[PDB]
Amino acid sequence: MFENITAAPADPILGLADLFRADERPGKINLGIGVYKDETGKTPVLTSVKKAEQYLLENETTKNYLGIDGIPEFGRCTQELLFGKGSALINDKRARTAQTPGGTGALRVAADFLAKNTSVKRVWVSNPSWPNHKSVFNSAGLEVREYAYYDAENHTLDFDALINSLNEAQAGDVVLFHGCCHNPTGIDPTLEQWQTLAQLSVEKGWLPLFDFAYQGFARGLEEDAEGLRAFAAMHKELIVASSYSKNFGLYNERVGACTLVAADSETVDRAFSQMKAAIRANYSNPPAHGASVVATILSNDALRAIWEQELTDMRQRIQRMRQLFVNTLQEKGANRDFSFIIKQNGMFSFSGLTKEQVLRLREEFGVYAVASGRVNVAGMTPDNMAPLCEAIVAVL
């Protein structure tokens, strides 16, 4: 049965981790995956996370099955993070949330749901976007079409091209939006553009599917949900796949959520039962640990406060790193002007490097970046900044 199976090609992002580790050479620098790093080059477990974990160790009485949709308080907390406390979506019971194995798993169950209980056949993903978007959707049978987004020359959001591209999307089609910290460009629509996209969307009959994997990394928790909340004010139906991998440093525990919104409770209940049916044929119920950590930290005044501070420290460190990056590049001798890096949000920056340039950096300097020229700014430290910038300049 397996004699003819052809070797699958490596993930441009994940296949990078293998090379990096298999690669010897001490000075090797890893700017691939979007994993946070502190000033020392380590990606530690948050203190608030350690505290919640000890709490669980002493207060956990059983490991009994968690229920299809996971932990309730977990679901309640995510909806408030996403829509705000007052929110009518919460008051009218228009939304239902399922705990999932990461944001990747939230996207898959969303795909599985749509492809089986809906008439959707195509999903629109920005160009560029997280490579794995296509794969998740293709696996569910949906077709992936792309819309324009990045103005490479000026390094901005090419809104006209965006509108014009989406003009080809029909009613009943799914359009995927990154809530904030666009991967891999770092450029996001303003609130005006978000409202404009909301207006257009309700007229074209599109189903918005928001991917929120970096809430809190652009401006702040609440501010980062401004786009999403603008859509939710006008849409009767929307799906949101969110993650707690970055803002909670819970990468390997697979904590995410798929939030379903319908016109009213009765409908969302019906729609949700089918979603739970999609989870049951996939993994049964979700992993409790990482989610129990999130719910306990969020349900507790002191723990949440500590967490919120750790989060703003991560955001601020990245912000210092990109500024230092731009300056050291100039200081080091780079001809091109990289000031636009300072304008991007999140952990990355679209360096604007060519494929051969990223190939030489790795091969010749042990510096690891994604082929698209995406570099993880949160992986830059005051100590690796210099050899990194020298590598880059000698490749420009």
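Numbering starts at 1 and runs along the sequence shown.
Novice: Can you tell me whether 106 to 114 has a higher mean C-alpha B factor than 296 to 304 in this record, or the other way round?
Specialist: So the stretch with the higher mean C-alpha B-factor is 296 to 304.
Novice: If you average the CA temperature factors as listed in the entry, which stretch comes out higher, 188 to 196 or 149 to 157?
Specialist: Taking the mean C-alpha B-factor of 149 to 157 and of 188 to 196, the larger value falls to 149 to 157.
Novice: Please pick out which of 52, 342, 370, 46 has the largest Cα B-factor as recorded in the entry.
Specialist: Comparing C-alpha B-factors across 52, 342, 370, 46, the maximum falls on 342.
Novice: Looking at 123, 239, 234, 98, which has the highest Cα B-factor in the entry?
Specialist: Max CA B-factor in the entry, restricted to 123, 239, 234, 98: 234.
Novice: So where's residue 179 on the chain's Cα temperature factor ranking, which third?
Specialist: Lowest third of the chain for residue 179's C-alpha B-factor.
Novice: What third of its chain's C-alpha B-factors does residue 35 belong to: lowest, middle or highest?
Specialist: Middle third by C-alpha B-factor.
Novice: Against its chain's modelled residues, does residue 310's Cα B factor rank lowest, middle or highest third?
Specialist: Ranked within chain, residue 310 CA B lands in the lowest tercile.
Novice: Can you tell me which third, lowest, middle or highest, the CA B-factor of residue 270 falls into for its chain?
Specialist: As the PDB entry reports it, the C-alpha B-factor of residue 270 lands in the middle third of its chain.
Novice: Comparing residue 211 with the other modelled residues of its chain, is its CA B-factor in the lowest, middle or highest third?
Specialist: As the PDB entry reports it, the C-alpha B-factor of residue 211 lands in the lowest third of its chain.
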